[PDB]
Structures are given as C-alpha cells and as structure tokens.
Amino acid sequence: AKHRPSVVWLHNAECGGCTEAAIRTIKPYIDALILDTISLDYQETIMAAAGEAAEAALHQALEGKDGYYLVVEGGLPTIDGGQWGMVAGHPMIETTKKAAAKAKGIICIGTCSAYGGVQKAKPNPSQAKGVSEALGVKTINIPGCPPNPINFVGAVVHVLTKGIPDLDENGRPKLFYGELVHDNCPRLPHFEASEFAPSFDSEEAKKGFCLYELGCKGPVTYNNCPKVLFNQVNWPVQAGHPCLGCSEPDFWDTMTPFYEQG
C-alpha cells in the first residue's frame, strides 16, 4: 500500500464548472487519478459525507501527518467579514486561510480562484478577490473559465512528481499558457489577409473567416485551446465563435464588450 499524496479541494465563490472540467480528464481518467495517484480527501461536489461528518473529514485531512496540497475553486467574497459566502457556519475566507496556512502548495483551478472571476466583475457587490490577493499567498494559477482538464491535471501531476512548473507573470504555467490562442489559430491566414467576418450570418462567417471584427480576443489571450482542443473534438473559434479571453485576469471587465474590440 503505497501512500497517495493528500489533496484538499475547496469550493468558494464558484459555479462548479472547474470541478466539471476536471472530471473530463482522460489522461488519466478521474477514477484512475483518485484511486492510484492522489488521495482526494475533501471535495464537496462528490464526497459521501455531509455536514459535520464532511467538516470532520476536512479537519482530518488538514491534520494529516503527511501534509496535503490545496486546490481552490472560486473567488473569496470579503464584504461583511466574509459572511456572504459560508460553509459549515464559517466564512469561506476564514476556512481557505486556515487550509492555505499548512498546504504544501496551492493550485487555483479557474479564473475565479486565480484572479477573482465573474463575481469580481464591476460593481463587485460581494467584494470578491482571487485567492493570492485575499490570503497574501503564492498560487499556481490554472485559469480559463473553465481551464482545460489537460492543464489542471498536468499541473497537479507536475507538482506532485517534479515540483512547481515555470510560471509566467500572472502565475500560469508556461507549459500550457506560454502561447497566444491567436498564434495557433487555424484562421490566422485569414487574419493576415484581412479577411474578416462582419457578422455571424455573412458568407464570410460561413467560409470560416477570422473573427477579429466580431470581438475575438485570441490576439491578447494566452491559452492552448486550438492546440489541445476541448473534449477531444472542438474549440470556440472552430465552432465559429470569438474567443472571450477567459484565461486572462479580470477578463469580464477587460475583454468586454465581447463582440467588439473597443
């Protein structure tokens, strides 16, 4: 019985799309991962235990002799002493702080935990923050809304088996986030030739012209979408839609209007 590294996964201000994205991994599948690779010791979406029993499972993991790695999904709502976001009667900011204190490493899955995300968008009624900002601690960021499971699992496996991957200025591993979406887009030749769709109904759109005039943020977005695809089959520009810039910090405010470049 080889010991499997303990992973604690917290849900804060999230939509669950990151947990969903994670379970779409096929290298390995999620069953192989939690049966052979890691010991996933707290995960609200799928754990058997509930209530006090779940809280005790969390505390057992946090007190584990072998330590643990922390995965955080979602931003942290900080207005009113953090009371607008609570689990087991405790502000999410308090519990995340406690769990971060002794973590071997923190992986922020998704743009929300990395940078604050959707609830941080103006006027930010819950005064939500990304984890690094709220806790003042260093995070490995795996952003996108949600990130590809390839990026999340690859980072988890890299951290357990080698160490911290090389990160860019926004804390994203360069293994996945080193290249612009646009530099790998199959419609680049159209961009270069100034062959743009003026609308989604146009013959240009039907011919698969570049989506830049329709708001495509691929030229300012670092992600590996066109290279690795999603779900082994597709990606947004291949489905004829512009990139929203969803792996960029604060994209809700910097990349909008999504259908414009202004």
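We number the residues from 1 along the sequence you see.
If you average the CA temperature factors as listed in the entry, which stretch comes out higher, 184-192 or 84-92? Of 184-192 and 84-92, the stretch with the higher C-alpha B-factor average is 184-192.
Compare the mean C-alpha B-factor of 14-22 with that of 250-258 as given in the PDB entry, and name the stretch with the higher value. Per the deposited B-factors, the answer is 250-258.
Maximum C-alpha temperature factor per the entry, among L229, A48, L35, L70, belongs to which one? The C-alpha B-factor peaks, among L229, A48, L35, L70, at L35.
Which of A197, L40, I30, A54 ranks first by CA B-factor in the deposited coordinates: If I rank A197, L40, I30, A54 by C-alpha B-factor, first place goes to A197.
Can you tell me whether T161 has a C-alpha B-factor in the lowest, middle or highest third compared with the other modelled residues of the same chain? As the PDB entry reports it, the C-alpha B-factor of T161 lands in the highest third of its chain.
Against its chain's modelled residues, does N224's Cα B factor rank lowest, middle or highest third? Lowest third of the chain for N224's C-alpha B-factor.
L175 CA temperature factor, ranked by third within the chain: CA B-factor rank for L175: highest third.
Chain-wide C-alpha B factor ranking for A1, given as lowest, middle or highest third: Highest third, going by the recorded CA B-factors of the chain.
With respect to C-alpha B-factor, does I106 fall in the lowest, middle or highest third of the chain as deposited? Its C-alpha B-factor belongs to the middle third of this chain's values.
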